[PDB]
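A.B. asks: coordinates only, sequence not included:
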Ligand SMILES: Nc1ncnc2c1ncn2[C@@H]1O[C@H](COP(=O)(O)OP(=O)(O)OP(=O)(O)O)[C@@H](O)[C@H]1O
Ligand SMILES: Nc1ncnc2c1ncn2[C@@H]1O[C@H](COP(=O)(O)OP(=O)(O)OP(=O)(O)O)[C@@H](O)[C@H]1O
Ligand SMILES: Nc1ncnc2c1ncn2[C@@H]1O[C@H](COP(=O)(O)OP(=O)(O)OP(=O)(O)O)[C@@H](O)[C@H]1O
Ligand SMILES: *[C@@H]1O[C@H](CO)[C@@H](O)[C@H](O)[C@H]1NC(C)=O
Ligand SMILES: *[C@@H]1O[C@H](CO)[C@@H](O)[C@H](O)[C@H]1NC(C)=O
Ligand SMILES: *[C@@H]1O[C@H](CO)[C@@H](O)[C@H](O)[C@H]1NC(C)=O
Ligand SMILES: *[C@@H]1O[C@H](CO)[C@@H](O)[C@H](O)[C@H]1NC(C)=O
Ligand SMILES: *[C@@H]1O[C@H](CO)[C@@H](O)[C@H](O)[C@H]1NC(C)=O
Ligand SMILES: *[C@@H]1O[C@H](CO)[C@@H](O)[C@H](O)[C@H]1NC(C)=O
Ligand SMILES: *[C@@H]1O[C@H](CO)[C@@H](O)[C@H](O)[C@H]1NC(C)=O
Ligand SMILES: *[C@@H]1O[C@H](CO)[C@@H](O)[C@H](O)[C@H]1NC(C)=O
Ligand SMILES: *[C@@H]1O[C@H](CO)[C@@H](O)[C@H](O)[C@H]1NC(C)=O
Ligand SMILES: [Ca+2]
Ligand SMILES: [Mg+2]
Ligand SMILES: [Mg+2]
Ligand SMILES: [Mg+2]
């Protein structure tokens, strides 16, 4: 019965290497894990000029296309918009999307149950020469978004510069880290663009590069909106120096079927007073949605997790020996 | 004895079924699990007309009551508000809740330590015919919010239509899903409203229906504000087809004591220039805020989790056999 | 030997006391834990007057320095700003930090690849008496933010009052709780300031106190920006009365190296129409970023977790007895 003893010793050494190698080195059992508190700050530096027929050139800056101007992890960068200027409340025709009337008797006074555009007065007024729509009480210039410009108005926003400022701190270990690692210098930040292989630590991200890394064409998203997911990973080992701690950036493309509700869009208004009359400008903005999520874990050596892992390894070794003895007994 | 062997085989088959079933089949240990990256897009439709005393009708559209116009998981829908128009900086009387003075000597120049309304000039001026308040420097049309209208101004927002666009993707499995499931055909959305049993996949949610599902009456919340929590679950099995992956919507009502701090409210201003003077309109908006949280888990068959579960089951079987033998030995 | 036997009995009773005490009493294994749904509401009460050279006093109320006026867990409180008023689109000189030209031939028509400030017409115009900059198309009053005032403009915002309204609910146990505990009352809320020892339940947080508890001086964070992280813990036991459930507030300071990108800052603009011409006021706001994160769990007695913990304890006791017997055999 020497071969059975050799098999027993082989199982013994295998489970020993498993409990000493996988639990300690691979899983970092002797270390302890703690969460972090993260705050994301984003700033854009880009300018795009859009010229519309019958209107002067429009200058767009960081305050314009960044609607969360205060700064948030979730922000929208405007790429295409539909402008309905000089809106004023009054009795006027509605959009043909709500309904088409051939006579005043067909119109019913009240409010539409679904997709209401205003309060119908019960009269049928011609929206244009061909068709007629119900008269409603509201903003007289209706947003007609049936025509979307195929070339993106803010097409210059493809190669803009996006700077992400992320500060993370572990309360258990009392260590504060920032995306600006020691390998990040001022002269380096002056001229650098983020790359997956060349410049990973450069905190300046190109919007077109971010969109292309996610797997989406920038033009199709700029046409009618899009969603891009950015994730920052702070997995690091505090047994080494804090210089080794560096963030990892991953880009994920969030998209759906193109036939049903493609892209991301919303409507906002700028209220102003002109000539003593309250007016507003309505914009249907097709912009790319950027969501930043920060998840990180830090491991530092501690005696209690080490002792617990040693006890678990001893228990696993004992269970393995007992199972081998039972298999030998048959 | 025979009973000893019967009990032994019974425990054997019980632990075998346990390690091959609940542990393996029910808990789905043969599949790996990972998180998702989610982005929430919300769009509101519906119009409400509010006619104030001594003021013309005010038309409110999606851009108006939705203050997060860009689109976020946490958004506030206006249901009631208190409007103080034409606010200009100057020297004027303060609110009575801040302080009541009977003479100029009682007033003290400076700023209030708590609940400051303006820089006190140091003179006692009559707020109205009966009482007098300290003169302060700031917006002279001071907000008087002691009277809240019992009927909600934007009470038509009960049966509005809320569209939620959620795109989730699992980076581990590289599978992208959207709330617009294959059952959603685009024409179904034209005439569907979300229901717990009838229309679970309709992406259009009625605000009143959501408030009722949360366990609250819409009128009481619309009067003085409210908080409603919406959760979306994406638990699915990747071994089946992707069509089986469907989101589950749950509504939670977040409330508290009605006596102390009832509802939810905030204050914002719209700055404009009229007649060469900087003026603003102050609104105390009593509206219901909706917080959308997305959590999902996907499982797909993998060999390593299966092997680990098989090893754990074999270990548990061995431990159970040892314990049964020790118990039968007595 | 009897001594070996009593040693084995001592070891087994020790491990039994361990598995019965640590798992049940200390770790609360007999009860199950679930997550919560949290919504954070913040309200600021404070007024700061900033007087600029050549401009009248400016009143900044809650609606002014709270840019997320609708209310969110992540909000920025304005403490210092650089104001550039009366911005209009035109052909004027650019900022000298972008480029300096000595002749018209040096200028290149087009847009800058990095940090673009506008569309260069191609002519070199004098920015001031000494130096000349490239003429660009855009907002003529180019922002000159080289000089930052050392005293914070909104330095009065140090001892302002911040009220946090957090409502949490556990869907598994259907228990709803709010940060306003039964001990907190209206008279207490009228006059109280949060303290770690004196007033832990007071929901009114002083901004200066919050910044000092995080470990940062308020002056530098007000001058050049800062980030402060607030965490709310709702760890509670449902075996006791709901009165014992009270939130715990912790403040974490998120900072980085001062040499490279110190503090937090953003840029926003207010659009208005004056004299029939579209104009805007651009502000470079240096403010403290406040992030509120809520994480908590609740535990209530259940039979299935208790039975599972009892089974695990019996298994651990059996494994320990088997290992002790194997050691005694050696
Ligand atoms: N989106 C961006 N693209 C390119 N560079 C950026 C961007 N954001 C910041 N930077 C650079 O990082 C440096 C430090 O950033 P910081 O947060 O101090 O901005 P800032 O200096 O206040 O902005 P500005 O350069 O407009 O004054 C700046 O010199 C700036 O040039
Ligand atoms: N809140 C809502 N209530 C009801 N239907 C909605 C809502 N939001 C969107 N829809 C419908 O869903 C469809 C697809 O949504 P999508 O994001 O394409 O809107 P859209 O067509 O860009 O906006 P609009 O309908 O204003 O032109 C639209 O035809 C629209 O009618
Ligand atoms: N930032 C704050 N600082 C000090 N006290 C506050 C603050 N926010 C709210 N409170 C106090 O809490 C009480 C209840 O809060 P609530 O949300 O009802 O405010 P409110 O009464 O709507 O606002 P206001 O007091 O301005 O009318 C109020 O009486 C108010 O005095
Ligand atoms: C009038 O408006 C309708 C709206 O759908 C459009 O189909 C039609 O072509 C328009 N006619 C003219 C002459 O513009
Ligand atoms: C791409 O980047 C360059 C900068 O080198 C810029 O000039 C160009 O306009 C960008 N492309 C688009 C489509 O904006
Ligand atoms: C700063 O770090 C960057 C990293 O690539 C490096 O290229 C640059 O030379 C460094 N500058 C100094 C002054 O060390
Ligand atoms: C004057 O204002 C005070 C404020 O509380 C109010 O109680 C009182 O009724 C007012 N008097 C008149 C005549 O409006
Ligand atoms: C309920 O919905 C209907 C649409 O069918 C609408 O007409 C009605 O105004 C809604 N109720 C309220 C109180 O808004
Ligand atoms: C699309 O799916 C919906 C799901 O309810 C169904 O009612 C509708 O008939 C379907 N349309 C088509 C054209 O299949
Ligand atoms: C002109 O502007 C430049 C910008 O850097 C500055 O250095 C210089 O001192 C200015 N000269 C005068 C006279 O203001
Ligand atoms: C500190 O708080 C007091 C209120 O007691 C206030 O008067 C003072 O202005 C505050 N300090 C600063 C620097 O704002
Ligand atoms: C309000 O709460 C405080 C905090 O302990 C307490 O001292 C005070 O007695 C309470 N007042 C009332 C009326 O309950
Ligand atoms: Ca205006
Ligand atoms: Mg449309
Ligand atoms: Mg009040
Ligand atoms: Mg600068």
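C.D. replies: Yep, that arrived. Numbering: from 1, shown residues only, chains lettered A, B, ... in the order given. Ligands and ions are numbered 1, 2, ... in the order given.

A.B. asks: neighbours around residue A:121, how many?
C.D. replies: 17 (other CB atoms under 10 Å in any protein chain shown). (C-beta placed from N, C-alpha, C; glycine too.)

A.B. asks: now swap in residue A:277 and tell me
C.D. replies: Each residue near residue A:277 was counted by other CB under 10 Å, and the total is 10.

A.B. asks: now it: closest residue in space that isn't a chain neighbour?
C.D. replies: Closest residue to residue A:277 apart from its sequence neighbours, by CB to CB, 6 or more residues apart in numbering or on different chains: residue A:88 at 6.5 Å.

A.B. asks: closest approach to ligand 11 from the stretch 51-200 of chain A, which residue is it?
C.D. replies: Scanning the stretch 51-200 of chain A for proximity to ligand 11 using CB to the nearest ligand atom identifies residue A:70 as nearest, at 22.7 Å.

A.B. asks: for that residue, pull up the helix or strand it's in.
C.D. replies: For residue A:70, there is no host helix or strand (DSSP states H and E).

A.B. asks: next one: the one 10 residues further on
C.D. replies: The secondary structure element spanning residue A:80 is strand A:74-87 (assigned by DSSP H and E).

A.B. asks: right, is that strand up against chain B?
C.D. replies: Yes - judged by CB under 8 Å from any CB of the partner chain, strand A:74-87 and chain B are in contact via A:74-76.

A.B. asks: how many residues are close by the closest residue in space to residue A:280 that isn't next to it in sequence?
C.D. replies: Leaving aside its chain neighbours, residue A:280 sits nearest to residue A:269 (4.5 Å; criterion: CB to CB, 6+ apart). Residue A:269 has 18 neighbours, counted by other CB under 10 Å.

A.B. asks: for residue A:269, helix, strand, or coil?
C.D. replies: Under the three-state scheme (DSSP: H, G, I helix; E, B strand; the rest coil), residue A:269 adopts strand.

A.B. asks: where does the stretch 201-330 of chain A get nearest to ligand 1, residue-wise?
C.D. replies: For the stretch 201-330 of chain A, CB to the nearest ligand atom, closest residue to ligand 1: residue A:204, 5.0 Å.

A.B. asks: contacts only, for that residue.
C.D. replies: A:161-163, A:189, A:192-194 (CB atoms under 8 Å, 6 or more residues apart in numbering or on different chains).

A.B. asks: on that earlier part again, so the residue of the stretch 51-200 of chain A closest to ligand 11 versus residue C:266, what's the distance?
C.D. replies: Look at residue A:70 and residue C:266: by CB to CB, to the nearest Å, they are 6 Å apart.

A.B. asks: okay, these two: which has more neighbours?
C.D. replies: residue C:266 (25 against 21).

A.B. asks: quick one, what contacts the more buried one?
C.D. replies: A:41, A:43, A:69-71, C:76, C:284-285, C:287.

A.B. asks: domain boundaries for chain A, per the record?
C.D. replies: Using automatic domain parsing, the domain parsing of chain A gives A:2-30+A:302-329, A:35-88+A:141-299.

A.B. asks: quick check: end-to-end length of stretch A:93-104?
C.D. replies: 13 Å (CA to CA, to the nearest Å).

A.B. asks: please apply the same query to stretch A:166-179.
C.D. replies: In stretch A:166-179, first residue to last residue: 5 Å (CA to CA).

A.B. asks: if you look at it, does any of it touch ligand 6?
C.D. replies: No - applying CB under 6 Å from any ligand atom, one finds stretch A:166-179 separated from ligand 6 by no less than 13.9 Å.

A.B. asks: which positions within that stretch qualify as buried?
C.D. replies: Buried residues in stretch A:166-179, counted by 16 or more other CB atoms under 10 Å in any protein chain shown: A:166-170, A:175-179.

A.B. asks: that one near ligand 1 at all?
C.D. replies: No - for stretch A:166-179, no contact with ligand 1 is found by CB under 6 Å from any ligand atom; the gap never falls below 11.7 Å.

A.B. asks: just confirm yes or no for that stretch near chain C.
C.D. replies: Yes - using CB under 8 Å from any CB, we find that stretch A:166-179 touches chain C at A:167-169, A:171, A:176, A:178.

A.B. asks: return the subset of those residues lying in strands.
C.D. replies: Applying DSSP state E to these, the entries found in strands are A:167-169, A:176, A:178.

A.B. asks: nearest spatial neighbour of the closest residue to chain B within the stretch 51-200 of chain A, skipping sequence neighbours?
C.D. replies: Going by CB to the nearest CB, chain B is nearest to residue A:67 of the stretch 51-200 of chain A, at 3.9 Å. Among residues not flanking residue A:67 along the chain, residue B:70 sits closest, at 3.9 Å (CB to CB, 6+ apart).

A.B. asks: report the contact partners of that neighbour.
C.D. replies: Applying CB under 8 Å, 6+ apart, the residues contacting residue B:70 are A:67-68, A:75-76, A:266, A:268.

A.B. asks: widest-spaced pair of those residues?
C.D. replies: Spatially, the most separated pair among the contacts of residue B:70 is A:75 and A:268, at 13.8 Å (CB to CB).

A.B. asks: overlap of the contact sets of the two?
C.D. replies: A:67, B:70.

A.B. asks: what does stretch A:291-300 contact?
C.D. replies: A:28, A:31-36, A:38, A:40, A:42, A:73-74, A:164, A:166, A:168, A:170, A:173, A:175, A:227-239, A:245, A:247, A:254, B:37, B:39.

A.B. asks: okay, the residue of the stretch 1-150 of chain A found nearest ligand 7 and residue C:135: tell me how far apart.
C.D. replies: The nearest approach of the stretch 1-150 of chain A to ligand 7 comes at residue A:89, 32.0 Å away (CB to the nearest ligand atom). As defined by CB to CB, residue A:89 lies at a distance of 42 Å from residue C:135.

A.B. asks: out of the two, which sits in the busier spot?
C.D. replies: Neighbours of residue A:89 and residue C:135, each counted by other CB under 10 Å, are more numerous for residue C:135; the result is 22 against 19.

A.B. asks: the more buried one contacts residue C:125, correct?
C.D. replies: Yes - applying CB atoms under 8 Å as the test, residue C:135 and residue C:125 come out as touching, 4.4 Å apart.

A.B. asks: for residue A:37, which non-adjacent residue is spatially closest?
C.D. replies: residue C:229 (4.5 Å).

A.B. asks: what does residue A:69 give?
C.D. replies: Distance criterion CB to CB, 6+ apart; nearest residue to residue A:69, sequence neighbours excluded, is residue C:268 at 3.7 Å.

A.B. asks: how about the closest residue to ligand 13 within chain A, what does it touch?
C.D. replies: Ligand 13 sits closest to residue A:272 of chain A, with a gap of 3.6 Å, by CB to the ion. Listed by CB under 8 Å, 6+ apart, the contact set of residue A:272 reads A:278-281, B:272, C:271-273.

A.B. asks: the residue of the stretch 1-150 of chain A closest to ligand 7 touches residue A:139, doesn't it?
C.D. replies: Yes - between residue A:89 and residue A:139 there is a contact under CB under 8 Å: 6.1 Å.
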